[PDB]
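So that you can tell them apart, the chains are marked A, B, C, D, E, F, G, H and I in the order they are listed, and the count of residues begins at 1 in each.
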Amino acid sequence: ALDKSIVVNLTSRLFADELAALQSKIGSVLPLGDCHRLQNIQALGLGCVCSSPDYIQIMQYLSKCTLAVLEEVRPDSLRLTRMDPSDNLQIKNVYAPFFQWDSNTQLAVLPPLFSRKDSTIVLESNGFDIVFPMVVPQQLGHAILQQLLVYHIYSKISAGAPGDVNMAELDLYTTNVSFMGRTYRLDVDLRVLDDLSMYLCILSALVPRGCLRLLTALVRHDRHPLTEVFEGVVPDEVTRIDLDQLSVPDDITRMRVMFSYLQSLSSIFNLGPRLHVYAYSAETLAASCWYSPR
Amino acid sequence: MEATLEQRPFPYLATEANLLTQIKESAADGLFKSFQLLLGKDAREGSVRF
Amino acid sequence: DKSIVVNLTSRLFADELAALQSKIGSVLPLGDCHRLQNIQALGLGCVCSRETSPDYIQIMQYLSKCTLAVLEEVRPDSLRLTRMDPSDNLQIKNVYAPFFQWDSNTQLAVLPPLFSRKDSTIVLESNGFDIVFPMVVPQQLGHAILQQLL
Amino acid sequence: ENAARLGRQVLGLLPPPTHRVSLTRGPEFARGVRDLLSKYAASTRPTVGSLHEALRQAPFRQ
Amino acid sequence: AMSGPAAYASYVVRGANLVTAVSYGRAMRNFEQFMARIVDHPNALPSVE
Amino acid sequence: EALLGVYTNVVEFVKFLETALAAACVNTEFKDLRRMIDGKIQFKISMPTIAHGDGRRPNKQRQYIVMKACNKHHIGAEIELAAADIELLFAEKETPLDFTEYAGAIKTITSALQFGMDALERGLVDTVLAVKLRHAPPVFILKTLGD
Amino acid sequence: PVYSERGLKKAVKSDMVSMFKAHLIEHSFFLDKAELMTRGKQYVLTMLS
Amino acid sequence: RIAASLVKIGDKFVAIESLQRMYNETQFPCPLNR
Amino acid sequence: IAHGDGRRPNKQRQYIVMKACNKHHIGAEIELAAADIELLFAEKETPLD
């Protein structure tokens, strides 16, 4: 009925080695710069932002971007297919490292944070290096990150003071990921997560002041009755903070700074470039789905 | 009363001269007052109503 | 086809026709998804009144209920609007008064009038009502006002 | 007489009929595949009538 | 030595221009030739010749 | 208040086969170029030699195999048509004001399609001149190599 | 058009104001400069055309 | 019948174009203003 | 121009340009004398009159 076919021409032919590496990833969700059909090689992949990576600048980019799927790799050119909202497609599981998708799951589209062999394909026929995102199921997609966010924090304490972190206790509970009854040993040698650990720890000290300062102001006859219950979950030491030791112009800038690290950290985990698989074959790797933005 | 522009479907006439030279830059820094662009989905004769 | 015709049950004057003329192509929220509609549903200031105190949360909290529609035509007896289906490609024109530059691949969200009510409120004294307009703003300022208002 | 005017606005605003290609008989499979290919080839040319035939399509989803 | 007109060009509001000048607040220039494009011979594309 | 004149440009373009640029190219228009993918015409080019009587080995005839390919160039011109302009193309009309409004739908579609067809004759002369400039090395290189 | 094909950005306008000055100093009073130039009558004719 | 302003350069007849008119109408920069 | 590089192609454009008149008023002056208008009427007197 409607046309969705983004023909990516190339100024030069592909190498015999470079052609066969793209023949494998023939079902693959790719971000893509604009929605029209005649584009160059510089518009596809995350190589516009990731070819020294940063996390949140890619994660916020994957919501605002136009995603598309490979369908054909000829020698002189490519051909893609644009992915609309609520549009049925047929994705192949090709992503290295392999994670074993399942039917009736909710696949989410994440930035890559593993090595430069699993993520990207280096092309030298044209001078560009296309970068594939990380398509992982949503429940595993956060357990793969909230454990490596743990690894990136404790590997900075043992750099400053090595007697506080046990290396043998660290890589026994972080490098193993258990989901769907299967264990995935991840690969870690992390300059990707140096934006979160400076946002999540800069939020770590504003919350014990921020929940006492917000309770001492909101005390009245018309208090909502559930907050009487969560008035006890706050610890003993948090309820001994003197709020007089900071000036009134300082207590404004420890909320407006605090509320921005509350929302912008909450927004990137409630991003919705996800897609609902309704059929999956474990040995053919071909999966049907429908895309659903936000 | 000032004379104002109107987009009514006039029977426009055809001139030997071309008008196209420097128009895109002349719209930016005003060579002439009281103009109106029309991009693709709105560059047509408007429907007649009275 | 989809459209909304809105009656002006009394009349309207020549000053407020020129006031509604400058506000063409602007998104307003209106009450019900009927083809026929009266003046009482189109105002965002049916809750944001002058003699009462406004409630900028509850005004904004009212805004995620309503259907949202774009004006096309201002007539002295009617206002013909076009609506917005919940999954629909459409066009929006940057009329809105604090000028913030957009671009392709941005992320908009509709906010209550939070910098100048007097700019958004134009009063229709021929019918005993005032129609109040929201402002569409990219979400980098959509959130940052709600961070500041709380 | 005015109902005959409405008989044209109905029959000009209907969606096009879905093609029925019989796969059981032989010479009725030839006459049905040909009217796909003789009718799609006039929904691609850049004239005005071929653009007139591309606007009648009604994409209802399943 | 050059050739040029001896007099000015005339424009008179006589005819059907005068009805719309009185009843409405406007008036054409050359209503008659303007009429022969719209209603007498429509959908004819403009051509310089 | 008057309306003293109403005017409009008419765009005429000299097409490709009428310019002087076709004196530097051969034009063989094909029916559907989508049929063949790649042209791979192969030429057997044979040089002549001078008969010498010198002490080296005698002159042998030479062939050179030259492999000429076909580069493909793809062009698209985009056209927007309004949704209220579409709707009154199908509608039934009998009054003389709905003939001069139906003339406004047929003078827009035929003008927004002679737009896109004009843009492809501009796309010939662009994509021949861009080919001639990607195979034109400058004077200071070529004067000495041409000698 | 060769100076403003790209549009009037900030770097084009300074490259035009540089040309307003150089054309004002050299080519002004052009019929007064035809006496002291040896070419002369051909300079005004390329100036005035 | 092709209209072109020819010139004789020593021994050869060579036509001279300038396609700047069709690039000044569409407001795209001419490819010979390198 | 339609060309198939990595550009995003332009849709069709259209410009509409409005022009207006400018009024101009000219004055003059005539001073006719008193007795000039006065003796423009009486006649059938002596041939000096």
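What we mean here is this: contacts are C-beta pairs under 8 Å (C-beta built on N, C-alpha and C of every residue); 3 or more make two chains touch, one makes a residue touch a chain.
According to UniProt, the chain labels map to these proteins: A = ORF26.
Any chain that touches chain A (ORF26) and also touches chain F is listed here: D, I. Taking G-H and A-D together, the pair of chains sharing more C-beta contacts is G-H.
Comparing each chain's Cα centroid with the centroid of every protein Cα atom identifies chain B as the most central. Measuring from the averaged C-alpha position of chain A (ORF26) to that of chain E gives a distance of 69 Å. Once the centre of each chain is set as its mean CA position, chain F and chain G turn out to be 38 Å apart. Chain B and chain C have centres, each the mean of its CA atoms, that are 30 Å apart.
Multi-chain contact residues of chain E (touching two or more other chains) are listed as 38, 46-48. Chain A (ORF26) has residues 9, 34, 36, 38 in contact with two or more other chains. Across the assembly, chain D contributes no residue that touches 2 or more other chains. Chain I contributes residues 11-21 to its touches with chain B in the complex. Against chain H, in their complex, chain F makes its touches with residues 11, 13, 18-23, 122, 125, 129-130, 133. For chain F in complex with chain I, the touching residues are 4, 73-80, 112, 115-116, 119-120, 122-123, 126-127, 130. Those residues of chain D that touch chain A (ORF26) in the shared complex are 57, 59.
Only residues 1-4, 9-12, 21 of chain I touch chain F when the two sit together in their complex.
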